[PDB]
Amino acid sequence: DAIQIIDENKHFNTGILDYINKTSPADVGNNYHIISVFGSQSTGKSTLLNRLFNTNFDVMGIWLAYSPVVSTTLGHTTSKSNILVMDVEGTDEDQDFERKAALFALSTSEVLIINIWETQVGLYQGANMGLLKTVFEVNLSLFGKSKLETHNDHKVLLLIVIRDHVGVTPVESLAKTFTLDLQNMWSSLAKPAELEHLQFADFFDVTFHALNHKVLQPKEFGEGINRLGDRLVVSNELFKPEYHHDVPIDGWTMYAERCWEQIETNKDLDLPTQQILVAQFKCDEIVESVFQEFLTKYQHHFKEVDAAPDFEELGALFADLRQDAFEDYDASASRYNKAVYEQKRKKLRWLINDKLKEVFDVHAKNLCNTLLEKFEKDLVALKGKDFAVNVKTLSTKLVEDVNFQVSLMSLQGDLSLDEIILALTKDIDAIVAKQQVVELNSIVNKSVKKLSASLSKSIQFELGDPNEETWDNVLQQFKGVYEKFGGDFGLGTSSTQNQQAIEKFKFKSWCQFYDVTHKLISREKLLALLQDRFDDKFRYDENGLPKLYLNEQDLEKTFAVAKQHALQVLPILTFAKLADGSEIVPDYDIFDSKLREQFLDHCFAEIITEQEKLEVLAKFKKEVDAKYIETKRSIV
């Protein structure tokens, strides 16, 4: 059963798309053929179509039908190209319709069948060289521009069926005559100057087929048909790929609709660009439908944010999803124009690659803040021990297995890492700058304490035998370990702030020097020291044996000797001075307001004040007097 694709009011049939869908399976693609038969009314057109292609047009607009089977001398044959057939009746008057219908047929058909009667071959009378000339014109206008400018090999086959052939004239003889009439008419056709050189054969192939008298030789007529079949489908002698219009079957209705609308409204129809447009439209909607198949298929994974992040197991789902999309797209779209098809595939690629990249970023720095957290941790756990290097080694393996782990889910480099490492880097550097200040300050603090611990034991030893050179001995030691700190830190320096860790480490030192001297030489200690010096000479022998006073010359004179021995030490301990007589001045004037806690008025060298010295002397005397009185009550 046949469908009218164009009725007499030049309207295009809406049902065509569904009609094509029924007769053509998803399989066809480019392997189909369009054949048109073109002629004035009742010249055997529907009859030839029904007998040859087995199609059901009515025998006494434009009608389309699928051919289930071709009539051949090998019987009913199904070619494996789908064959569609158009019955084009250009007259019923009108000359406008004729031109339009012929334009349609030539913009969609690979073969044009022209039925001409014999005794009337070579004459409008019962051929229409008027009809052929229209075909020549319509063909030139459709393909003359392409042919000149690209030299494309496109042709259409003219298949001339000679009807009611009797046989006194051989078909070979009729063919030669008619061929030369054809070329002649072509040469004389109005052409632009620059196509003047093109011939009939640059646009057309011809061949002939004689059919015997339908009414008077029915058996032979049947046979001649079957033989046309052999030519079409059994011997595949007629169809050629250079006749084929490059639009797969699924784009065909769109192509036919667009061609007809331009034709009907007298617009400039250009078939190359119209074929590109249908390809572009169709690949586009395959891109979109596939990309939507890829998406609810996506969501049902990726804001399911998930438990245990495996990077190779699903770094390859990325591949699967993207590969299955490629395959559903290749299936429908590869039939289309190569350039259009690949272009829109890339479009599909960089739509998939961008919603796959949002999972890329999430699972990525979830692993960065997972690894930065433990980075940060055993930095601290590496308790300041040689971070000279031990930053560089830790950053290295870190920055490295991020690369490894995350590469698993990039696609041979499609989703770039350049962004993510550039972040992981700055989050690593801005946290060595974190704890560099911690460990810089840390080595300051402990360097200060066993400075002060050494200072304290230096002073203590010196206290046993105070000389006018005991401050010398104290400052010597101090300034010694004072200059042994710096440039030796196992960190990233800052030539500047390596050395201003140093710079008042040098303070806290000066500060400590003051604090320790004043602790170790407080009134209370000084007094205790004085009593010890005193007893050493008043309570014991040189030997160290407890003393036994007999006389009071003995007591009184060693009493004087004991006191002086003790007090000879006061002028030295109450004020920090070297033998030269010079006051010890701290390098930094401490007790300064913001010179103090910029780094975290008294006298630094005054160990004991006047007022304190006077209290010490009063207390020294009272005690020393008592020891005296007693050891004299025990002499009697």
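Counting begins at 1, following the sequence as shown.
According to the entry, the stretch of the deposited sequence that connects residue 600 to residue 601 contains 10 or more residues lacking coordinates, which leaves a long gap in the model. According to the entry, the deposited sequence places 4 to 9 unmodelled residues between residue 92 and residue 93. As the entry records it, the average C-alpha temperature factor is higher for 381 to 389, out of 463 to 471 and 381 to 389. Per-stretch averaging of Cα B factors for 187 to 195 and 453 to 461 places 453 to 461 on top. The PDB entry assigns its highest CA temperature factor, among 79, 531, 334, 416, to 416. Remark: of 98, 536, 401, 257, 401 shows the highest value [criterion: C-alpha B-factor in the PDB entry]. When the modelled residues of the chain are ordered by C-alpha B-factor, residue 544 sits in the middle third. In this PDB entry, the Cα temperature factor of residue 34 sits in the bottom third of its chain's modelled residues, the lowest group. Residue 167 sits in the middle third of its chain by CA B factor, as recorded in the PDB entry. Residue-level temperature factors show residue 315 in the highest third of its chain, judged at the C-alpha atom. In the PDB entry, residue 42 places in the middle third of its chain by CA B-factor.
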